[PDB]
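J.: need a 3D model of the sequence below.
(one chain, ligands or ions: 1)
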Amino acid sequence: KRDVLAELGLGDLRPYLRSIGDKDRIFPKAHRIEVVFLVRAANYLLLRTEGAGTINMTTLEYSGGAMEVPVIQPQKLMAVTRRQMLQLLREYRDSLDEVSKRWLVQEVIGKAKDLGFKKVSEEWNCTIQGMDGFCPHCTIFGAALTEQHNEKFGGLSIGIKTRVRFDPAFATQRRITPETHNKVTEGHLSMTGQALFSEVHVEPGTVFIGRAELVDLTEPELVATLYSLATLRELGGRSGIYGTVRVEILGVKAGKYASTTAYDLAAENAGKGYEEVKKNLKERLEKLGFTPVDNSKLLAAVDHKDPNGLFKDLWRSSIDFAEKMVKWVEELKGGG
Ligand SMILES: [Zn+2]
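T.: Numbers count the residues shown, from 1 in each chain. Have a look at this structure:
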């Protein structure tokens, strides 16, 4: 049958992936898959801080000196990527006919009901902001679950941590609107000036270098994660980044330890523009032992609107995880 990993150059990843139905899905394996990607601003990108300590600008140190560049912080990357997976899940849902819908209701939603989950309407939906605690975006990117989500969690707080960890994504050039009139206030303090980066306008064409580590994923979870990234376009919501981007996956590598970081890659490419960066990066990734990814092939090999395509296996994988999670909670709570 169909083998999307083989269609992409990605067959050698298999030994490193988890299998749906594995009794030990909750137990971690001591390896990771690095994914390196590019984010390019189509129009202007607007960056906004969200609370004390959040940043839009950061320093790249490199051979010729130091430059402060725009940066997309990890929790913004999380927010937009998970919001995209969620939208793809909604479109999958809306692609179902009566036959495939009953599959979802009976084989997925029903199974979730049996497992104690409360958000089990036959009309499926989840948010990014309640959450069901069993859908692919919840299980992959994480959630804080309580008795509100699952009737078996009385007196318990159950945390799912993300299995997709983002580096910050770093711009290679300081291409921002010169702006002196941002203003922030709190009580009797106010702040303005050129160096206030509460809001940043990143110029069209700016490229950011990104990296993520993907751990303990199954095949469809991995592919759907790559695909959610690759299909990012309109960014918004409440995540502090707003505008249109194009994202390209450049390469993956499995290993016990990471071979690179977004920061180092960007620093290597300080001052350089899109085409030069992409060229340099492709070479660097090859030297680092990365398997190239054909972003165009990725987009075509996955049809999230096919009722029996990858997103079916994604849902199977998610409910599998959720089952193992519930079992783990019951087996480790120590009675009661
Ligand atoms: Zn969910």
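J.: okay, which residue is most central for the protein?
T.: residue 81 (4.2 Å; C-alpha atoms, centre = their mean).
J.: quick one: residues contacting that residue.
T.: 141, 164, 166, 225, 228, 229, 232 (C-beta atoms under 8 Å, 6 or more residues apart in numbering). All C-beta spots, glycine's among them, are computed from the backbone N, C-alpha and C.
J.: go again using 7 Å as the cut-off
T.: 228, 229, 232 (C-beta atoms under 7 Å, 6 or more residues apart in numbering).
J.: cool, and residue 291?
T.: By C-beta under 7 Å, 6+ apart, residue 291 lies in contact with 9, 10, 12, 251, 252, 253.
J.: and stretch 280-293, how far from the chain's centre?
T.: Averaged C-alpha coordinates place stretch 280-293 at 21 Å from its chain's average position (C-alpha atoms, centre = their mean, to the nearest Å).
J.: list the buried residues of it.
T.: Within stretch 280-293, the residues that count as buried by 16 or more other C-beta atoms under 10 Å are 281, 284, 285, 290, 291, 293.
J.: which phi and psi does the residue nearest to the centre of the chain have?
T.: phi -70, psi -40 (degrees, to the nearest 10).
J.: could you check how far it is from residue 231?
T.: Separation of residue 81 from residue 231 (C-beta to C-beta, to the nearest Å) stands at 10 Å.
J.: so which of the contacts of residue 81 comes closest to residue 304?
T.: residue 228 (9.1 Å; C-beta to C-beta).
J.: sec struct for the closest one, please.
T.: What DSSP: H, G, I helix; E, B strand; the rest coil gives for residue 228 is helix.
J.: also residue 257?
T.: Classified using three-state DSSP, residue 257 is coil.
J.: once you drop chain neighbours, what's closest to residue 191?
T.: residue 184 (5.2 Å; C-beta to C-beta, 6 or more residues apart in numbering).
J.: got the contact list for the closest residue to the ion within the stretch 151-300 of the chain?
T.: Residue nearest to the ion within the stretch 151-300 of the chain (C-beta to the ion): residue 160, separated by 10.1 Å. Taking C-beta under 7 Å, 6+ apart, we find residue 160 in contact with 138, 139, 142, 143, 145.
J.: so it bridges to which residues?
T.: residue 143 (DSSP bridges).
J.: distance of it from residue 282?
T.: 35 Å.
J.: do the same with residue 298
T.: Where residue 282 is concerned, residue 298 sits at a distance of 16 Å (C-beta to C-beta).
J.: cool, residue 243 as well?
T.: In terms of C-beta to C-beta, residue 243 sits 26 Å off from residue 282.
J.: what do you get for residue 22?
T.: 35 Å.
J.: repeat that for residue 8.
T.: Relative to residue 282, and taking C-beta to C-beta, residue 8 is found at 16 Å.
J.: and residue 210, what element?
T.: Taking DSSP states H and E as the criterion, residue 210 maps to strand 207-214.
J.: need the CA coordinates for that strand. CSV is fine.
T.: This file holds the C-alpha atoms of strand 207-214, laid out as CSV (Å, rounded to 0.1, in the frame of the first residue of the first chain):
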residue,chain,number,x,y,z
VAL,A,207,13.8,34.9,5.8
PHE,A,208,13.9,33.2,9.2
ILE,A,209,15.8,30.0,9.9
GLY,A,210,13.9,27.5,12.1
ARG,A,211,14.5,24.2,13.8
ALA,A,212,12.3,21.8,15.7
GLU,A,213,13.0,18.5,17.6
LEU,A,214,10.4,15.8,17.1
